[PDB]
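Trainee: Please find target29.pdb (PDB, C-alpha atoms) on the next line:
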```
ATOM      1  CA  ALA A 288      -1.640 -12.518  -2.532  1.00  0.00           C
ATOM      2  CA  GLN A 289      -2.429 -11.200   0.999  1.00  0.00           C
ATOM      3  CA  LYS A 290      -4.072  -8.206   2.716  1.00  0.00           C
ATOM      4  CA  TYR A 291      -3.252  -6.703   6.076  1.00  0.00           C
ATOM      5  CA  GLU A 292      -3.964  -3.273   7.531  1.00  0.00           C
ATOM      6  CA  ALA A 293      -0.834  -2.490   9.474  1.00  0.00           C
ATOM      7  CA  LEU A 294       1.075   0.558  10.656  1.00  0.00           C
ATOM      8  CA  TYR A 295       4.707   0.443   9.572  1.00  0.00           C
ATOM      9  CA  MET A 296       6.675   1.704  12.551  1.00  0.00           C
ATOM     10  CA  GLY A 297      10.280   1.635  11.285  1.00  0.00           C
ATOM     11  CA  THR A 298      13.316  -0.606  10.854  1.00  0.00           C
ATOM     12  CA  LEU A 299      16.542  -0.799  12.844  1.00  0.00           C
ATOM     13  CA  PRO A 300      19.698  -2.987  12.998  1.00  0.00           C
ATOM     14  CA  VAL A 301      19.933  -5.892  15.467  1.00  0.00           C
ATOM     15  CA  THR A 302      22.769  -8.038  16.955  1.00  0.00           C
ATOM     16  CA  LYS A 303      21.979 -11.762  16.429  1.00  0.00           C
ATOM     17  CA  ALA A 304      19.669 -12.977  13.616  1.00  0.00           C
ATOM     18  CA  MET A 305      17.121 -14.542  16.017  1.00  0.00           C
ATOM     19  CA  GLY A 306      15.535 -14.615  19.499  1.00  0.00           C
ATOM     20  CA  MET A 307      12.294 -13.372  21.119  1.00  0.00           C
ATOM     21  CA  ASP A 308      14.286 -10.993  23.334  1.00  0.00           C
ATOM     22  CA  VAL A 309      16.362  -9.581  20.459  1.00  0.00           C
ATOM     23  CA  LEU A 310      13.074  -9.020  18.676  1.00  0.00           C
ATOM     24  CA  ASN A 311      11.458  -7.383  21.674  1.00  0.00           C
ATOM     25  CA  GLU A 312      14.426  -5.101  22.308  1.00  0.00           C
ATOM     26  CA  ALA A 313      14.001  -4.008  18.700  1.00  0.00           C
ATOM     27  CA  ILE A 314      10.180  -3.738  18.598  1.00  0.00           C
ATOM     28  CA  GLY A 315      10.323  -2.276  22.072  1.00  0.00           C
ATOM     29  CA  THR A 316      12.752   0.502  21.168  1.00  0.00           C
ATOM     30  CA  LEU A 317      10.684   1.349  18.068  1.00  0.00           C
ATOM     31  CA  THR A 318       7.595   1.520  20.256  1.00  0.00           C
ATOM     32  CA  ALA A 319       9.092   3.814  22.935  1.00  0.00           C
ATOM     33  CA  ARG A 320       8.372   6.816  20.760  1.00  0.00           C
ATOM     34  CA  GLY A 321       6.559   9.723  22.452  1.00  0.00           C
ATOM     35  CA  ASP A 322       5.244  11.617  19.417  1.00  0.00           C
ATOM     36  CA  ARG A 323       2.175  12.622  17.339  1.00  0.00           C
ATOM     37  CA  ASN A 324       2.107   8.864  16.538  1.00  0.00           C
ATOM     38  CA  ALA A 325       3.341   9.158  12.938  1.00  0.00           C
ATOM     39  CA  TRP A 326       3.416   5.460  11.977  1.00  0.00           C
ATOM     40  CA  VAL A 327       2.481   5.102   8.310  1.00  0.00           C
ATOM     41  CA  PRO A 328      -0.769   3.176   7.691  1.00  0.00           C
ATOM     42  CA  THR A 329      -0.129   0.526   5.075  1.00  0.00           C
ATOM     43  CA  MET A 330      -1.448  -2.620   3.474  1.00  0.00           C
ATOM     44  CA  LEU A 331       0.682  -5.769   3.509  1.00  0.00           C
ATOM     45  CA  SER A 332       0.815  -8.149   0.608  1.00  0.00           C
ATOM     46  CA  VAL A 333       2.503 -11.429   1.368  1.00  0.00           C
ATOM     47  CA  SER A 334       3.186 -13.622  -1.640  1.00  0.00           C
ATOM     48  CA  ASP A 335       5.306 -16.791  -1.360  1.00  0.00           C
ATOM     49  CA  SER A 336       8.200 -14.746  -2.678  1.00  0.00           C
ATOM     50  CA  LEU A 337       7.728 -11.192  -1.409  1.00  0.00           C
ATOM     51  CA  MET A 338       6.337  -8.975   1.343  1.00  0.00           C
ATOM     52  CA  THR A 339       5.171  -5.511   0.435  1.00  0.00           C
ATOM     53  CA  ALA A 340       3.814  -2.566   2.414  1.00  0.00           C
ATOM     54  CA  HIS A 341       1.960  -0.251   0.008  1.00  0.00           C
ATOM     55  CA  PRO A 342       0.450   3.029   1.240  1.00  0.00           C
ATOM     56  CA  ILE A 343      -3.343   3.567   1.528  1.00  0.00           C
ATOM     57  CA  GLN A 344      -4.911   4.606  -1.846  1.00  0.00           C
ATOM     58  CA  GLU A 351       2.168   4.106  -5.774  1.00  0.00           C
ATOM     59  CA  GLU A 352       5.199   1.771  -5.473  1.00  0.00           C
ATOM     60  CA  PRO A 353       6.121   0.198  -2.028  1.00  0.00           C
ATOM     61  CA  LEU A 354       7.480   2.068   0.984  1.00  0.00           C
ATOM     62  CA  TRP A 355       8.970  -1.050   2.542  1.00  0.00           C
ATOM     63  CA  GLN A 356       9.446  -4.482   1.115  1.00  0.00           C
ATOM     64  CA  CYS A 357      11.343  -7.651   1.864  1.00  0.00           C
ATOM     65  CA  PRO A 358      11.915 -10.953   0.023  1.00  0.00           C
ATOM     66  CA  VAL A 359      10.607 -13.801   2.195  1.00  0.00           C
ATOM     67  CA  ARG A 360      13.872 -15.666   1.551  1.00  0.00           C
ATOM     68  CA  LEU A 361      15.826 -13.031   3.552  1.00  0.00           C
ATOM     69  CA  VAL A 362      13.593 -13.375   6.628  1.00  0.00           C
ATOM     70  CA  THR A 363      15.340 -15.191   9.540  1.00  0.00           C
ATOM     71  CA  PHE A 364      13.152 -14.702  12.638  1.00  0.00           C
ATOM     72  CA  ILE A 365       9.495 -13.580  13.093  1.00  0.00           C
ATOM     73  CA  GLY A 366       6.841 -13.076  15.744  1.00  0.00           C
ATOM     74  CA  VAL A 367       4.338 -11.095  17.752  1.00  0.00           C
ATOM     75  CA  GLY A 368       6.074  -9.076  20.508  1.00  0.00           C
ATOM     76  CA  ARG A 369       5.399  -8.619  24.248  1.00  0.00           C
ATOM     77  CA  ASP A 370       2.506  -6.530  22.924  1.00  0.00           C
ATOM     78  CA  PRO A 371       0.113  -8.625  20.735  1.00  0.00           C
ATOM     79  CA  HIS A 372      -0.546  -5.531  18.561  1.00  0.00           C
ATOM     80  CA  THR A 373       2.961  -5.654  17.172  1.00  0.00           C
ATOM     81  CA  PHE A 374       4.537  -8.011  14.674  1.00  0.00           C
ATOM     82  CA  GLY A 375       8.280  -7.917  14.084  1.00  0.00           C
ATOM     83  CA  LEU A 376      10.646  -9.626  11.731  1.00  0.00           C
ATOM     84  CA  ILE A 377      14.387  -9.895  11.413  1.00  0.00           C
ATOM     85  CA  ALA A 378      16.027 -10.378   8.057  1.00  0.00           C
ATOM     86  CA  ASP A 379      19.637 -11.083   7.182  1.00  0.00           C
ATOM     87  CA  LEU A 380      20.264  -8.031   5.004  1.00  0.00           C
ATOM     88  CA  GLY A 381      23.930  -6.815   4.833  1.00  0.00           C
ATOM     89  CA  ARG A 382      25.345 -10.336   4.054  1.00  0.00           C
ATOM     90  CA  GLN A 383      26.825 -10.479   7.566  1.00  0.00           C
ATOM     91  CA  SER A 384      24.255  -8.156   9.254  1.00  0.00           C
ATOM     92  CA  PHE A 385      20.598  -8.091  10.420  1.00  0.00           C
ATOM     93  CA  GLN A 386      17.653  -5.608  10.234  1.00  0.00           C
ATOM     94  CA  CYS A 387      14.337  -5.676  12.082  1.00  0.00           C
ATOM     95  CA  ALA A 388      10.961  -4.253  10.920  1.00  0.00           C
ATOM     96  CA  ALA A 389       7.816  -3.856  13.035  1.00  0.00           C
ATOM     97  CA  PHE A 390       4.086  -3.207  12.521  1.00  0.00           C
ATOM     98  CA  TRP A 391       0.961  -2.330  14.526  1.00  0.00           C
ATOM     99  CA  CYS A 392      -2.257  -4.321  13.977  1.00  0.00           C
ATOM    100  CA  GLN A 393      -5.572  -3.737  15.794  1.00  0.00           C
ATOM    101  CA  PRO A 394      -7.492  -6.948  15.250  1.00  0.00           C
ATOM    102  CA  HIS A 395      -4.023  -8.035  16.550  1.00  0.00           C
ATOM    103  CA  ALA A 396      -0.797  -9.004  14.711  1.00  0.00           C
ATOM    104  CA  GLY A 397      -1.510 -12.763  14.832  1.00  0.00           C
ATOM    105  CA  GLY A 398      -3.396 -12.942  11.519  1.00  0.00           C
ATOM    106  CA  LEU A 399      -0.499 -11.304   9.773  1.00  0.00           C
ATOM    107  CA  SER A 400       2.111 -13.317  11.633  1.00  0.00           C
ATOM    108  CA  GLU A 401       0.477 -16.607  10.545  1.00  0.00           C
ATOM    109  CA  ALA A 402       0.558 -15.502   6.921  1.00  0.00           C
ATOM    110  CA  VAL A 403       4.217 -14.519   7.125  1.00  0.00           C
ATOM    111  CA  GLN A 404       5.208 -17.827   8.737  1.00  0.00           C
ATOM    112  CA  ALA A 405       3.309 -19.891   6.197  1.00  0.00           C
ATOM    113  CA  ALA A 406       5.150 -17.908   3.494  1.00  0.00           C
ATOM    114  CA  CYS A 407       8.560 -18.600   5.054  1.00  0.00           C
ATOM    115  CA  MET A 408       7.646 -22.293   5.223  1.00  0.00           C
ATOM    116  CA  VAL A 409       6.770 -22.570   1.540  1.00  0.00           C
ATOM    117  CA  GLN A 410       9.845 -20.577   0.558  1.00  0.00           C
ATOM    118  CA  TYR A 411      12.259 -22.589   2.727  1.00  0.00           C
ATOM    119  CA  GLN A 412      10.858 -25.869   1.481  1.00  0.00           C
ATOM    120  CA  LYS A 413      11.209 -24.686  -2.145  1.00  0.00           C
ATOM    121  CA  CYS A 414      14.968 -24.073  -1.702  1.00  0.00           C
ATOM    122  CA  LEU A 415      15.690 -27.114   0.493  1.00  0.00           C
ATOM    123  CA  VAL A 416      14.828 -29.584  -2.243  1.00  0.00           C
ATOM    124  CA  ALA A 417      14.784 -29.062  -6.025  1.00  0.00           C
TER     125      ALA A 417
END
```
Translate this file's structure into structure tokens.

Mentor:
Amino acid sequence: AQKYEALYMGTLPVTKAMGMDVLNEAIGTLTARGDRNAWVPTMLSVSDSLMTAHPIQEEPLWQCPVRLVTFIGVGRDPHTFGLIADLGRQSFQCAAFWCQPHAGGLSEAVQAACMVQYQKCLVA
């Protein structure tokens, strides 16, 4: 049960499942987008199990099970938060978001979620 005002700015495939550079290349190339700035404003829920990006005021428009998440972090630009998830069995995606108070608050929540999740599966 979370709450984060963030602008979903797309998802694209990435080479290796982790690394701050791999993440930045990804976030970076999603940022380099000269346009009318059409990133969808959303609201992120982060349960221990799932991450959801609902639209403002209506099922999700992007979601991801915390278990699939492999790497996370704030990019070279503190406004952005990116995350890589092992999707295609032997293949990785990367989603990014814009946050004005800054992406740290969100990031912390996502990490804490991954921690709980990981620990739940490690032992039984």

Trainee: Which residue is closest to residue A:320? Choose from A:407, A:357, A:296, A:338 and count only C-alpha atoms.

Mentor: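 With only C-alpha atoms as the atom set, the closest residue is A:296.
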
Trainee: Could you tell me, as an mmCIF file with C-alpha atoms, keeping the file's coordinate frame, exactly which residues end up selected when the PyMOL selection byres ((chain A and resi 337) around 12) is applied to this structure?

Mentor:
```cif
data_model
loop_
_atom_site.group_PDB
_atom_site.id
_atom_site.type_symbol
_atom_site.label_atom_id
_atom_site.label_comp_id
_atom_site.auth_asym_id
_atom_site.auth_seq_id
_atom_site.Cartn_x
_atom_site.Cartn_y
_atom_site.Cartn_z
ATOM 1 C CA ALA A 288 -1.640 -12.518 -2.532
ATOM 2 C CA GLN A 289 -2.429 -11.200 0.999
ATOM 3 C CA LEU A 331 0.682 -5.769 3.509
ATOM 4 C CA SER A 332 0.815 -8.149 0.608
ATOM 5 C CA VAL A 333 2.503 -11.429 1.368
ATOM 6 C CA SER A 334 3.186 -13.622 -1.640
ATOM 7 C CA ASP A 335 5.306 -16.791 -1.360
ATOM 8 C CA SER A 336 8.200 -14.746 -2.678
ATOM 9 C CA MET A 338 6.337 -8.975 1.343
ATOM 10 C CA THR A 339 5.171 -5.511 0.435
ATOM 11 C CA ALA A 340 3.814 -2.566 2.414
ATOM 12 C CA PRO A 353 6.121 0.198 -2.028
ATOM 13 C CA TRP A 355 8.970 -1.050 2.542
ATOM 14 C CA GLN A 356 9.446 -4.482 1.115
ATOM 15 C CA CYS A 357 11.343 -7.651 1.864
ATOM 16 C CA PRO A 358 11.915 -10.953 0.023
ATOM 17 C CA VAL A 359 10.607 -13.801 2.195
ATOM 18 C CA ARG A 360 13.872 -15.666 1.551
ATOM 19 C CA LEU A 361 15.826 -13.031 3.552
ATOM 20 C CA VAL A 362 13.593 -13.375 6.628
ATOM 21 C CA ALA A 402 0.558 -15.502 6.921
ATOM 22 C CA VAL A 403 4.217 -14.519 7.125
ATOM 23 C CA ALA A 406 5.150 -17.908 3.494
ATOM 24 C CA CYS A 407 8.560 -18.600 5.054
ATOM 25 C CA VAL A 409 6.770 -22.570 1.540
ATOM 26 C CA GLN A 410 9.845 -20.577 0.558
#
```

Trainee: Out of A:365, A:325, A:313, A:389, which residue has the shortest atom-to-atom distance to residue A:300 when counting only C-alpha atoms?

Mentor: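 Comparing A:365, A:325, A:313, A:389 against residue A:300, the winner is A:313.
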
Trainee: With distances taken over all atoms listed in the file, which residue among A:364, A:413, A:295, A:371 lies nearest residue A:324?

Mentor: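 Among the listed residues, A:295 lies closest to residue A:324.
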
Trainee: Tell me which of A:351, A:363, A:316, A:396 sits closest to residue A:379, counting only C-alpha atoms.

Mentor: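 Looking at the shortest contact to residue A:379, the residue is A:363.
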
Trainee: To one decimal place, how far is atom CA of residue A:311 from atom CA of residue A:391 in Å?

Mentor: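 Straight-line distance from atom CA of residue A:311 to atom CA of residue A:391 works out to 13.7 Å.
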